[PDB]
Amino acid sequence: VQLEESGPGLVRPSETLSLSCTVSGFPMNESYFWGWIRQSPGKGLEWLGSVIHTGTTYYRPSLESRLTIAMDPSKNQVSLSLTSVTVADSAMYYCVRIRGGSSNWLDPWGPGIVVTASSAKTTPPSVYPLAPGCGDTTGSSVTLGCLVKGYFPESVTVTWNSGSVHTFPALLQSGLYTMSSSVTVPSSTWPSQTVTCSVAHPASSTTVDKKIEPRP
Amino acid sequence: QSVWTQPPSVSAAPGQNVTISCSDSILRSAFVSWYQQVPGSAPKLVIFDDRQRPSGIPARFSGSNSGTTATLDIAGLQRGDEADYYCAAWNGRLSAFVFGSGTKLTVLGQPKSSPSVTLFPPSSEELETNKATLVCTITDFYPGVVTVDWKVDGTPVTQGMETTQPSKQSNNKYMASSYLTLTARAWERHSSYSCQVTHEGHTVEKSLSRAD
Amino acid sequence: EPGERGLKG
Ligand SMILES: *[C@@H]1O[C@H](CO)[C@@H](O[C@@H]2O[C@H](CO)[C@@H](O)[C@H](O)[C@H]2NC(C)=O)[C@H](O)[C@H]1NC(C)=O
């Protein structure tokens, strides 16, 4: 009993998200609901809805009017249609087999399919220096940073001083990726010596080299 | 409720017993199921009909569903148990299938470590675009669960904030950043700014005031 | 239930 999701990885806001799931090694003839769960990056699971072969269909109420979950037993397929997509619909989408009635258990799950909801064409990032503000100018260590904002698609590489780096993972902020990187150096070597973050975005063929300057 | 309540973090040494809670008595009304998820795989069913184990799930996994709190119980904790656990159950009141908030179960491989927090003000380059992003970096925390809240002039912020998922450092602690995006005007019109990081029920608060 | 989803009987 293997479920497999298939469809586009990129969908444009305002258009329709259409995913398909193939069922192998089990008849859809039988007393089970077939359904869809989604999971936004490091958010929780969200039940979208489910369908049985009798045509009965349950939906998340708040999405019910945008949601169409259909199954054809003869093709061993179950479809999902989600109209008027927004940047909020970026998620891993999973196909599930569900025991109904009072039980409501989900087994098995498909591996899942990543869906990104953005209008973005290929876009190089803006790179902003992170210098410490008005604060503690008596520390032994000082931490500097690069904010890498508004790129598409993934990914970027951040190099400091041409090679204590911390490289934070990317977020989807309305249609574009933002990430940051920090470096901690000895306070006596900055701002005296140059500290530069180098940001490569291969999709746009762009490299940005930001010196970190102190604040007046 | 539209999401069941679970604790975000539960943690114990290998061999210890742990309990994961799921929260009227509307839970007692339906069969609770529990799902284990490790990063980069689909959730796996681990408990169905409140109590029962599918095939391959050993006896040291069990579940109860009394009125107010359904539990997932794991005796003889093993490193391979380390995962996100979600309870799930029908809400006939909402007439939807509801999942819980999810619990990260950490099998402790080092001392608990408090997050190190750094708050950066926005760059003048970004301000030239009529935008202001405050960046809150959070390093060296374990277990890898934090909640981030922001305040402006002593008032909780409700919108304009995003926080990354934790990612493992080479020392096996975790790192994350939180972003607060305001208009340039909003940045110039407020005095103080606070980033609040909660880890295992303790809070670490870095703040800055534009003026001095 | 055979093909309905809900609470416990
Ligand atoms: C951890 O859990 C185990 C099993 O759920 C507990 O061991 C059982 O405890 C009762 C009474 O103490 C015995 O009668 C059983 O025979 C035990 N079974 C096993 C498998 O050991 C154990 O006590 C729990 N640990 C703590 C700290 O209470």
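Lettering follows sequence order; numbering is per chain, from 1.
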**Request:** Identify which one of A/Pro129, A/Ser126, A/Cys146 satisfies the side chain to side chain contact (heavy atoms under 4.5 Å, CB included) criterion when paired with B/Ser123.
**Result:** A/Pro129
**Request:** Measure A/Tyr94 against the heavy atoms of chain B and call it side chain, backbone, both or neither at under 4.5 Å.
**Result:** side chain
**Message:** I want to check something: taking the side chain as every heavy atom from C-beta on, are B/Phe120 and A/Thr143 in contact at a cut-off of under 4.5 Å?
**Reply:** yes
**Prompt:** Quick one: of A/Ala131, A/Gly145, A/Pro108, A/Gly112, who has the most non-hydrogen atom pairs under 4.5 Å with chain B?
**Reply:** A/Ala131
**Request:** With rounding to the nearest 0.5 Å, note down the distance linking CG in A/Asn104 to CG in B/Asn91.
**Result:** 11.5 Å
**Request:** Report, as yes or no, whether the 6.0 Å neighbourhood of atom CD on A/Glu4 holds more than 12 heavy atoms from other residues, nucleotides or ligands.
**Result:** no
**Audit row: B/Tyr179, A/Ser180, side chain to side chain donor-acceptor pair (under 3.5 Å) steps and yes/no** = CA-CA 10 Å; B/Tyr179 305 97; A/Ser180 42; 2.7 Å; yes
**Request:** Could you tell me which portion of B/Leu119 (side chain, backbone, both or neither) has an atom closer than 4.5 angstrom to a non-hydrogen atom of chain A?
**Result:** neither
**Message:** For chain A, which candidate among B/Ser170, B/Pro121, B/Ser29 shows the most heavy-atom pairs at distances under 4.5 Å?
**Reply:** B/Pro121
**Heavy-atom side-chain proximity of A/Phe168 to B/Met175 below 4.5 angstrom** = yes
**Request:** Tell me, out of B/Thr133, B/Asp84, B/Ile138, who's got the most heavy-atom pairs with chain A below 4.5 Å.
**Result:** B/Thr133
**Asked** If you check every heavy atom in residues 35-44 of chain B against those of chain A, which residues fall under 4.5 Å?
**Response** B/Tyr35, B/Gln37, B/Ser41, B/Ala42, B/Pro43
**Item:** Among A/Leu147, A/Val96, A/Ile37, residue most engaged with chain B (heavy-atom pairs, under 4.5 Å)
**Value:** A/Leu147
**Message:** Let's test your reading of the structure: which of B/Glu126, B/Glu125, B/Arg210 forms the most heavy-atom pairs below 4.5 Å with chain A?
**Reply:** B/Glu126
**Complete:** Among A/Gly44, A/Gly42, A/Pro169, A/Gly133, the residue with the most heavy-atom pairs under 4.5 Å to chain B is A/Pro169
**Proximal component of B/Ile47, with respect to chain A [non-hydrogen, under 4.5 Å]** = neither
**Message:** Taking atom CZ as the centre, does B/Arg60 end up with more than 12 heavy-atom neighbours from other residues, nucleotides or ligands that are less than 6.0 angstrom away?
**Reply:** yes
**Prompt:** Around B/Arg51, counting heavy atoms of other residues, nucleotides and ligands shown, do more than 12 lie under 6.0 Å from its CZ?
**Reply:** no
**Prompt:** Among A/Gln173, A/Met92, A/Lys43, which has the most heavy-atom pairs under 4.5 Å with chain B?
**Reply:** A/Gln173
**Message:** Using a 4.5 angstrom heavy-atom cutoff, name the option from B/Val98, B/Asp49, B/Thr181, B/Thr129 with the most pairs to chain A.
**Reply:** B/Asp49
**Request:** Give, for atom OG of B/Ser177 and atom CG of A/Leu171, the distance between the pair rounded to the nearest 0.5 Å.
**Result:** 7.0 Å
**Among B/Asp50, B/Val135, B/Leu208, residue most engaged with chain A (heavy-atom pairs, under 4.5 Å)** = B/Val135
**Prompt:** In Å, rounded to the nearest 0.5 Å, how long is the span from OG of A/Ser102 to CZ of B/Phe31?
**Reply:** 4.5 Å
**Prompt:** Quick check, are the ring centers of A/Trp47 and B/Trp90 under 6.0 angstrom apart?
**Reply:** yes
**Fill in**
To the nearest 0.5 Å, atom NE2 of A/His166 lies from atom OG of B/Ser116 at 8.5 Å
**Fill in**
Honestly, the part of B/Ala176 sitting under 4.5 Å from a heavy atom of chain A is backbone
**Item:** Spatial distance of atom CG (A/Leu144) from atom OG1 (B/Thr118) [nearest 0.5 Å]
**Value:** 10.5 Å
**Item:** Engaged part of B/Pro122 at the chain A interface, taking heavy atoms whose separation is under 4.5 Å
**Value:** backbone
**Request:** State, with a plain yes or no, whether a side-chain heavy atom of B/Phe97 is found less than 4.5 Å away from one of A/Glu46.
**Result:** no
